[PDB]
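One chain is shown next in structure tokens, namely the form deposited in one PDB entry.
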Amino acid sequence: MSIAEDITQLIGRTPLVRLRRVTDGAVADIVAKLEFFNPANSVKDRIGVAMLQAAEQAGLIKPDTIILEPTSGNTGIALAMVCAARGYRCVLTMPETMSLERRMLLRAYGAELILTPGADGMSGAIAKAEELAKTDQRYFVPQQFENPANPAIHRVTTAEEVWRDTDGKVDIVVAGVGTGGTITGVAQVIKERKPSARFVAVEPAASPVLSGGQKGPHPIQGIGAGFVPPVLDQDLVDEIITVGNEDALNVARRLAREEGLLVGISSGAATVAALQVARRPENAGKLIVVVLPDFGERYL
């Protein structure tokens, strides 16, 4: 019998698809890992479950614990879904600038939202979470940017899925860096097993922090956090490619129209970079795996 006990057991195990049309000038094979196949349509499902599992296994969840995280992204949606399956109480802080669509989605999962001043943005959401946690001991805050379970779940699931589905033939992995968990976990496993493997981090040209530049605003949701996340292991990253907003959006649109892959803007970004790498003659005949983090419908 193959029946999951709950929805969190159906997280991960996402498929690879070969790009057929969005391949201009490529001399390498480009295959895309479709993180939108996760139950709530993003890669963050993996760290939502994993950060809570790790807390559970370490005895950090008490009968009165409340899950708390400042998030304006997919991690909130994943945490809300995972808390609803677990029967945990979930509080999320975010700027009051968040769309009503997003709020309704979080509340549909039974999450409670604390809206913080629009002008303070993310830092205000963090300050509010910091203060709530400091003054009420019931709160457990997963801390997606620091939590070792983020890269760990990618070592154990994402990486092995890439390894097995490519029969060890993957040569290059291309991934947008938000928390850095995905590329770090995959590199940690794959680079040791196959030392010739290479890893390309993608960030916005508009906020080129890993390249050595300065934080700036940008629309590529999920990547370009504006600082070097502690979870990221830069020594495993072989190259950084910056991607402009317009190219990221153009390639995302091409993915939907030409491959039937309706993906988010950060998937467009990662694909820009995978196309770039794929054009290099030294990469003729190589297999490039590109991570597509989420579904595009959420962005319309």
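Residues that one form lacks are left out of the comparison. One rule holds for the numbers: they count along the sequence shown, beginning at 1. Take the two forms, superpose them, and find the largest set of C-alpha atoms that agree within 1.5 Å; that set is the rigid core.
Note that the form deposited in another entry isn't included here; everything after this is about it.
The comparison between the shown form and the other one, aligned on the rigid core, picks out a single residue among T179, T184, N74, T116 whose CA moves by 2 Å or more, and that residue is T116. In the core-superposed comparison between the shown form and the other one, the C-alpha atom of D167 has shifted by less than 2 angstroms. In a rigid-core overlay of the protein, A201 has its C-alpha displaced by under 2 Å between the shown form and the other one.
Here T93 counts as shifted, since its C-alpha moves by at least 2 Å between the shown form and the other one after the core is aligned. Core superposition between the shown form and the other one reveals the following runs of 3 or more residues with every CA shifted by 2 angstroms or more: 70 to 72, 93 to 104, 113 to 132.
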